[PDB]
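Q: Sharing a structure here in structure tokens format.
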Amino acid sequence: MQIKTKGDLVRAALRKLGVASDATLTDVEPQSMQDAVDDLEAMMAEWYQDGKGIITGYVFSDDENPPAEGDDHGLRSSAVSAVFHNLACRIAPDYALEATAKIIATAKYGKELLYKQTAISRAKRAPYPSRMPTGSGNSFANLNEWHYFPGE
Amino acid sequence: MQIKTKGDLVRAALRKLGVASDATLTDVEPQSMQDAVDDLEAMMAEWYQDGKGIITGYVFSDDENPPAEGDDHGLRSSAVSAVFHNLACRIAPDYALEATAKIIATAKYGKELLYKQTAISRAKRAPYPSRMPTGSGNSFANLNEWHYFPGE
Amino acid sequence: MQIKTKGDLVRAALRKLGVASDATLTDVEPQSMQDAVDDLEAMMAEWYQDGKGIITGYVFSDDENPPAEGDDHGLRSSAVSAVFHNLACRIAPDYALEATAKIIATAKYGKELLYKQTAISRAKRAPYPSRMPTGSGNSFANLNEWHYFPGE
Amino acid sequence: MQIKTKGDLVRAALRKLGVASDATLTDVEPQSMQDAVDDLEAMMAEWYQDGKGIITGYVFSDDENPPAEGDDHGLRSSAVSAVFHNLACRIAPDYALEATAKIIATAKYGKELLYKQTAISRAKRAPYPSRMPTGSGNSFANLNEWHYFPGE
Amino acid sequence: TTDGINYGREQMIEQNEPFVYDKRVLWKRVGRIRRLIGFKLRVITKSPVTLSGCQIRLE
Amino acid sequence: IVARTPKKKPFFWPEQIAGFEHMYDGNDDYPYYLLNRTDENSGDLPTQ
Amino acid sequence: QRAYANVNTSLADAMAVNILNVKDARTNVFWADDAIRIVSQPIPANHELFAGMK
């Protein structure tokens with residue numbers, strides 16, 4: 001993918017918004033880039049609720065590294081569009097703008113696709129209760145005295 | 001995280017509202033910024049209802065350590081976005097403004113996400129009632145007929 | 001909290017409305033502050049219906065003290081936002097203004113939160129009717145001939 | 001309470017309407033104030049339907065004591081807001097005006113809150129009908145003298 | 001400026017380029033006007049400066 | 001299921017019954033139940 | 001409540017507290033037989049402790 005860094009994500013978001021692109025002769029303002037990167041980090045930390053939220057493979061920049069921009073975001077190839085569409089939606093009010101209906105729809109669709117596989121993975125069935133017998137058809141268990149399921 | 005004090009939370013709220021930022025040629029007065037810090041403190045105290053509300057890790061500033069701005073907010077990484085979006089919503093009326101639809105939606109979603117884990121932990125089942133026996137299956141062996149041990 | 005006096009609550013309310021503070025150059029006028037202090041006292045005396053209403057810890061001014069302004073309000077940290085948002089709503093009509101929708105919503109939320117714990121405490125269950133047997137399982141009642149519950 | 005007279009209530013209502021207050025550069029005629037006091041007296045007498053309506057501790061001014069303004073109204077601390085809000089609503093049409101939605105809502109809330117305690121006091125239960133036996137449980141209570149309830 | 005006398009923070013926006021005839025000199029985010037505002041727009045070059053059509057978005 | 005399950009009781013907002021809370025505890029000292037009708041912000045309490 | 005009085009006066013300001021064991025001494029002990037009681041019970045097994053123990 002040609003979108004390998006947090007700055008690539010931010011530039012894509014600004015282009016989606018039509019703030020700093022080549023279709024319109026505008027350069028990304030260095031004051032805008034840091035604000036957008038901070039918004040991206042805040043939104044990513046919000047999504048990834050310490051592991052119990054949306055898992056995307058994004059890498060959070062520590063305080064040690066000087067540039068928060070320039071580092072690979074670590075996303076998968078199928079998360080880039082979702083991330084930068086949501087980022088454009090989030091940072092549009094910075095400039096008193098409003099992301100258009102297509103951008104909002106793509107943000108919704110992308111976030112749902114982000115969570116789909118994790119939802120399938122977390123759709124797990126709880127074991128049998130501790131008070132449920134094994135039945136006499138489970139001959140080995142009911143011979144070795146495992147008449148009931150453990151549970152938990 | 002690049003946002004680490006109540007001052008940074010307030011500055012992020014102002015940046016989202018479009019009132020002030022690192023790019024604007026005009027900025028808000030320190031008295032206004034202090035008032036915004038007071039608004040944030042009041043909002044967080046209203047949320048964290050003396051321990052029975054939303055638990056966030058927020059650290060309340062004291063009167064002895066003089067500047068409330070500059071104190072670390074103590075929030076986790078995942079709470080920053082929700083907190084400063086809600087702060088932008090709260091302080092927008094000061095500037096004859098109205099927080100836009102995306103800001104309102106993000107504030108609502110962030111508050112939900114903040115309370116999610118606490119709600120999951122608070123959804124607990126009361127122990128068995130006082131007139132419930134524990135059954136023959138437990139009452140044999142140790143002759144316990146009314147205890148329902150709270151061990152686990 | 002930096003909001004510790006009736007004048008502080010009034011200043012926060014006027015700043016919310018857009019009548020004072022430094023977001024605009026306007027300053028607080030003494031004749032517009034005394035009226036707001038009067039309105040705050042009336043509002044809290046109405047909420048605290050002689051103790052049968054909303055309990056907040058507000059300390060009512062005495063006729064001996066010359067300025068009602070300057071006294072501590074006596075509220076807890078979690079009541080300030082509700083109190084001064086409702087004060088802003090109450091005192092808006094004086095300046096032919098109208099509290100914005102955000103302020104109205106925050107005032108409603110704050111008042112409900114203010115009464116929540118009092119409502120939980122007042123949700124109590126009545127004793128057993130006076131015409132109700134204690135049952136023969138209650139061994140002590142069968143001993144001292146406490147066949148019926150007292151009532152009331 | 002800093003509102004201790006009928007004229008004080010009238011002045012509070014006028015300040016709420018925005019017609020006149022301590023800060024306005026123009027005031028209202030003493031005839032206008034007397035008219036508003038008469039309207040307040042009529043409204044209070046209509047509320048207190050000769051002892052069968054809202055009870056508020058209002059003291060009606062006799063004609064021998066000439067100025068009605070200057071008399072302690074006798075209202076409790078918690079009735080003042082409701083009374084003067086309703087008075088502002090009543091006297092708004094005199095000045096080709098119309099009270100704001102906030103003033104009307106506070107008037108409604110205050111009137112209901114004024115009657116609440118009288119409502120609880122007047123929610124009483126009728127005695128047992130005279131055609132009802134006392135039962136044989138209450139034999140030794142009445143010494144086996146009368147077996148039917150008194151009534152009335 | 002916010003008072004007509006005292007000017008505030010100065011930002012450096014690239015105004016010209018050698019052999020670039022299509023540039024779009026623009027500054028995205030400006031502040032919030034409290035009561036008054038005015039602008040300075042100072043330039044130091046060795047080449048001709050041609051400026052026209054100053055516009056702003058107030059919202 | 002019989003033992004540990006919340007029983008059939010009404011659902012109230014605190015503002016609905018604020019001030020009449022002793023009417024719903026279970027006594028028989030009253031002929032009816034009272035509800036708070038108006039609100040100082042909305043003007044009227046929502047009907048549900 | 002006065003029916004439960006067991007002393008004549010009450011403790012009043014600087015009232016001296018005399019200690020009655022002024023030197024070491026092994027103690028003889030007397031009582032009424034209905035004063036000391038031993039309340040005993042077998043520990044209910046098959047719980048957190050005594051788990052797996054037979």
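As shown in the structure tokens, the chain order sets the letters A, B, ...; within each chain, residues go from 1, and ligands are also counted from 1 in the order they appear.
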What's around residue 4 in chain E at 8 Å? Count only C-alpha atoms, leave out sequence neighbours fewer than 3 positions away in its own chain, and write the answer as a count of residues only.
A: 4
Q: Please list as a PDB file with C-alpha atoms, in the first residue's frame every residue within 10 Å of residue 49 in chain B, counting only C-alpha atoms and excluding residues in the same chain fewer than 3 positions away.
A:
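What landed in part_14.pdb:
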ATOM      1  CA  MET B  44     -15.851  15.996  35.804  1.00  0.00           C
ATOM      2  CA  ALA B  45     -17.115  16.404  39.368  1.00  0.00           C
ATOM      3  CA  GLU B  46     -20.707  16.217  38.123  1.00  0.00           C
ATOM      4  CA  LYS B  52     -21.013   6.593  42.271  1.00  0.00           C
ATOM      5  CA  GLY B  53     -20.756   7.968  38.743  1.00  0.00           C
ATOM      6  CA  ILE B  54     -18.466   7.519  35.751  1.00  0.00           C
ATOM      7  CA  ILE B  55     -15.053   6.301  36.907  1.00  0.00           C
TER       8      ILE B  55
ATOM      9  CA  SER C  77     -18.308  19.706  44.120  1.00  0.00           C
ATOM     10  CA  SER C  78     -20.928  17.818  42.092  1.00  0.00           C
ATOM     11  CA  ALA C  79     -23.718  20.399  42.476  1.00  0.00           C
ATOM     12  CA  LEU C 113     -28.330  14.120  38.931  1.00  0.00           C
ATOM     13  CA  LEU C 114     -28.750  16.387  41.959  1.00  0.00           C
ATOM     14  CA  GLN C 117     -29.134  10.052  45.438  1.00  0.00           C
TER      15      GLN C 117
END
Q: Distance cut-off 10 Å, counting only C-alpha atoms - which residues of chain F neighbour chain C? Return them as a short mmCIF file (atom, residue, chain, number, x, y, z; two decimals) with N, CA and C atoms, in the first residue's frame.
A:
data_model
loop_
_atom_site.label_atom_id
_atom_site.label_comp_id
_atom_site.auth_asym_id
_atom_site.auth_seq_id
_atom_site.Cartn_x
_atom_site.Cartn_y
_atom_site.Cartn_z
N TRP F 13 -39.50 7.44 36.84
CA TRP F 13 -38.41 8.40 36.91
C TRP F 13 -38.42 9.04 38.30
N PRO F 14 -37.25 9.40 38.83
CA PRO F 14 -37.25 10.05 40.15
C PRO F 14 -38.06 11.33 40.18
N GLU F 15 -38.02 12.12 39.10
CA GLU F 15 -38.77 13.36 39.04
C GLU F 15 -40.27 13.11 39.00
N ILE F 17 -42.10 11.07 40.80
CA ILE F 17 -42.66 10.85 42.12
C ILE F 17 -41.92 11.63 43.20
N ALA F 18 -41.01 12.51 42.81
CA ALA F 18 -40.29 13.31 43.79
C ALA F 18 -41.26 14.10 44.66
N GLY F 19 -41.26 13.81 45.95
CA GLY F 19 -42.14 14.45 46.90
C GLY F 19 -43.32 13.62 47.32
N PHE F 20 -43.66 12.58 46.55
CA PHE F 20 -44.74 11.66 46.87
C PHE F 20 -44.20 10.26 47.08
N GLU F 21 -42.95 10.13 47.51
CA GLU F 21 -42.32 8.82 47.56
C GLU F 21 -42.93 7.93 48.63
N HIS F 22 -43.45 8.52 49.71
CA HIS F 22 -44.06 7.71 50.76
C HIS F 22 -45.43 7.18 50.37
N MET F 23 -46.01 7.67 49.28
CA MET F 23 -47.29 7.16 48.82
C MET F 23 -47.18 5.80 48.16
N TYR F 24 -45.98 5.46 47.71
CA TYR F 24 -45.82 4.22 46.91
C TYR F 24 -45.07 3.14 47.68
N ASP F 25 -44.81 3.33 48.97
CA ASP F 25 -44.04 2.34 49.71
C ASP F 25 -44.86 1.09 50.02
N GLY F 26 -46.18 1.22 50.15
CA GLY F 26 -47.01 0.05 50.36
C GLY F 26 -48.06 0.23 51.44
N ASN F 27 -48.17 1.43 51.99
CA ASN F 27 -49.14 1.70 53.03
C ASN F 27 -50.55 1.76 52.44
N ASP F 28 -51.57 1.88 53.28
CA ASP F 28 -52.96 2.03 52.76
C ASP F 28 -53.58 3.29 53.35
N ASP F 29 -52.77 4.29 53.66
CA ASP F 29 -53.23 5.51 54.30
C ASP F 29 -53.79 6.53 53.32
N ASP F 39 -42.48 20.58 34.88
CA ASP F 39 -41.04 20.70 35.03
C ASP F 39 -40.64 22.15 34.78
N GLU F 40 -39.61 22.61 35.48
CA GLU F 40 -39.24 24.01 35.38
C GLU F 40 -38.40 24.32 34.15
N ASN F 41 -37.92 23.30 33.45
CA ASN F 41 -37.20 23.50 32.20
C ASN F 41 -38.03 23.12 30.98
N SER F 42 -38.53 21.89 30.93
CA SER F 42 -39.32 21.45 29.80
C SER F 42 -40.72 22.05 29.79
#
Q: For the contact check between chain B and chain E, emit one row per residue of chain B within 8 Å, containing the shortest atom pair and the distance in Å rounded to one decimal, counting only C-alpha atoms, chain then rising number order, as JSON lines.
A:
{"residue": "B:18", "atom": "CA", "partner": "E:31", "partner_atom": "CA", "distance": 7.4}
{"residue": "B:19", "atom": "CA", "partner": "E:32", "partner_atom": "CA", "distance": 5.2}
{"residue": "B:20", "atom": "CA", "partner": "E:31", "partner_atom": "CA", "distance": 5.7}
{"residue": "B:21", "atom": "CA", "partner": "E:31", "partner_atom": "CA", "distance": 7.8}
{"residue": "B:23", "atom": "CA", "partner": "E:29", "partner_atom": "CA", "distance": 6.2}
{"residue": "B:24", "atom": "CA", "partner": "E:30", "partner_atom": "CA", "distance": 4.4}
{"residue": "B:25", "atom": "CA", "partner": "E:30", "partner_atom": "CA", "distance": 5.5}
{"residue": "B:26", "atom": "CA", "partner": "E:31", "partner_atom": "CA", "distance": 4.7}
{"residue": "B:27", "atom": "CA", "partner": "E:31", "partner_atom": "CA", "distance": 6.6}
Q: I need the chosen residues saved as an mmCIF file, in the first residue's frame, with C-alpha atoms.
A:
data_model
loop_
_atom_site.group_PDB
_atom_site.id
_atom_site.type_symbol
_atom_site.label_atom_id
_atom_site.label_comp_id
_atom_site.auth_asym_id
_atom_site.auth_seq_id
_atom_site.Cartn_x
_atom_site.Cartn_y
_atom_site.Cartn_z
ATOM 1 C CA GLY B 18 -12.515 26.507 15.928
ATOM 2 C CA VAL B 19 -12.104 29.334 18.439
ATOM 3 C CA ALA B 20 -8.357 28.998 18.978
ATOM 4 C CA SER B 21 -5.528 26.702 17.940
ATOM 5 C CA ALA B 23 -2.596 27.891 13.706
ATOM 6 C CA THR B 24 -4.947 30.793 14.427
ATOM 7 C CA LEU B 25 -3.566 34.317 14.371
ATOM 8 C CA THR B 26 -5.642 35.120 17.479
ATOM 9 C CA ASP B 27 -5.892 33.245 20.772
#
Q: Would you mind reading off the distance between CA of residue 40 in chain D and CA of residue 87 in chain D, one decimal, in Å?
A: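 Distance between the two atoms: 6.1 Å.
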Q: Residues of chain B within 12 Å of chain G, counting only C-alpha atoms - could you list those as a VMD selection string?
A: chain B and resid 138 to 152
Q: As number ranges by chain, could you give me every residue of chain B near chain C (at most 9 Å apart, counting only C-alpha atoms)?
A: B: 28-29, 31-32, 35, 38-39, 41-50, 60-63, 68, 89-96, 98-99
Q: Enumerate, as a PyMOL selection string, the complete set of residues in chain D that a backbone-based DSSP assignment places in alpha helix (DSSP H).
A: chain D and resi 6-17+30-47+80-91+101-122
Q: Filtering to C-alpha atoms, could you give me those residues as an mmCIF file, in the first residue's frame?
A:
data_model
loop_
_atom_site.group_PDB
_atom_site.id
_atom_site.type_symbol
_atom_site.label_atom_id
_atom_site.label_comp_id
_atom_site.auth_asym_id
_atom_site.auth_seq_id
_atom_site.Cartn_x
_atom_site.Cartn_y
_atom_site.Cartn_z
ATOM 1 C CA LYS D 6 -45.857 43.043 48.036
ATOM 2 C CA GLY D 7 -44.094 45.860 46.225
ATOM 3 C CA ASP D 8 -40.922 43.782 46.347
ATOM 4 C CA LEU D 9 -42.746 40.942 44.594
ATOM 5 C CA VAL D 10 -44.089 43.401 42.014
ATOM 6 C CA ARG D 11 -40.605 44.783 41.390
ATOM 7 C CA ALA D 12 -39.195 41.270 41.005
ATOM 8 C CA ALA D 13 -41.892 40.445 38.460
ATOM 9 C CA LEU D 14 -41.148 43.636 36.523
ATOM 10 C CA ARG D 15 -37.420 42.865 36.542
ATOM 11 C CA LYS D 16 -38.167 39.384 35.195
ATOM 12 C CA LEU D 17 -40.275 40.942 32.441
ATOM 13 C CA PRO D 30 -46.270 54.577 41.240
ATOM 14 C CA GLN D 31 -49.770 54.250 39.800
ATOM 15 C CA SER D 32 -48.472 51.390 37.651
ATOM 16 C CA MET D 33 -46.942 49.790 40.738
ATOM 17 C CA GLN D 34 -50.223 50.155 42.632
ATOM 18 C CA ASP D 35 -52.109 48.578 39.735
ATOM 19 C CA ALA D 36 -49.702 45.639 39.735
ATOM 20 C CA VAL D 37 -50.118 45.280 43.505
ATOM 21 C CA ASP D 38 -53.892 45.167 43.073
ATOM 22 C CA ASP D 39 -53.471 42.498 40.389
ATOM 23 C CA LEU D 40 -51.270 40.485 42.754
ATOM 24 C CA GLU D 41 -53.879 40.790 45.495
ATOM 25 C CA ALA D 42 -56.631 39.589 43.165
ATOM 26 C CA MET D 43 -54.494 36.676 41.950
ATOM 27 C CA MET D 44 -53.653 35.617 45.510
ATOM 28 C CA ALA D 45 -57.301 35.844 46.563
ATOM 29 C CA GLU D 46 -58.298 33.776 43.529
ATOM 30 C CA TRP D 47 -55.692 31.141 44.395
ATOM 31 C CA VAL D 80 -41.619 33.762 46.624
ATOM 32 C CA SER D 81 -40.289 32.517 43.288
ATOM 33 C CA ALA D 82 -43.595 30.926 42.300
ATOM 34 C CA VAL D 83 -45.610 33.954 43.394
ATOM 35 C CA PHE D 84 -43.552 36.548 41.576
ATOM 36 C CA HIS D 85 -43.203 34.421 38.425
ATOM 37 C CA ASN D 86 -46.980 34.030 38.258
ATOM 38 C CA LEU D 87 -47.365 37.754 38.916
ATOM 39 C CA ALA D 88 -45.054 38.566 36.007
ATOM 40 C CA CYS D 89 -47.092 36.264 33.788
ATOM 41 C CA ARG D 90 -50.295 37.962 34.958
ATOM 42 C CA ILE D 91 -49.134 41.560 34.448
ATOM 43 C CA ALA D 101 -41.354 30.322 27.746
ATOM 44 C CA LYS D 102 -38.909 30.062 30.639
ATOM 45 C CA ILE D 103 -41.005 32.387 32.789
ATOM 46 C CA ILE D 104 -44.183 30.460 31.992
ATOM 47 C CA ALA D 105 -42.550 27.098 32.736
ATOM 48 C CA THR D 106 -41.143 28.320 36.046
ATOM 49 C CA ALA D 107 -44.583 29.712 36.886
ATOM 50 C CA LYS D 108 -46.225 26.332 36.255
ATOM 51 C CA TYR D 109 -43.563 24.469 38.211
ATOM 52 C CA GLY D 110 -43.799 26.903 41.107
ATOM 53 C CA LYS D 111 -47.585 26.730 41.355
ATOM 54 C CA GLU D 112 -47.569 22.932 41.369
ATOM 55 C CA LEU D 113 -44.789 22.902 43.964
ATOM 56 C CA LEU D 114 -46.794 25.365 46.054
ATOM 57 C CA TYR D 115 -49.811 23.042 46.224
ATOM 58 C CA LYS D 116 -47.861 19.805 46.618
ATOM 59 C CA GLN D 117 -47.855 19.793 50.428
ATOM 60 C CA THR D 118 -51.524 20.753 50.647
ATOM 61 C CA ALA D 119 -52.244 17.922 48.211
ATOM 62 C CA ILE D 120 -50.447 15.406 50.412
ATOM 63 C CA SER D 121 -52.275 16.785 53.454
ATOM 64 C CA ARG D 122 -55.690 16.608 51.770
#
Q: Find the distance between CA of residue 46 in chain E and CA of residue 14 in chain E and write it in Å to one decimal.
A: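 For CA of residue 46 in chain E relative to CA of residue 14 in chain E, the distance reads 14.4 Å.
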Q: Would you work out the distance separating CA of residue 133 in chain B from CA of residue 135 in chain A, expressed in Å to one decimal?
A: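 Interatomic distance here is 26.6 Å.
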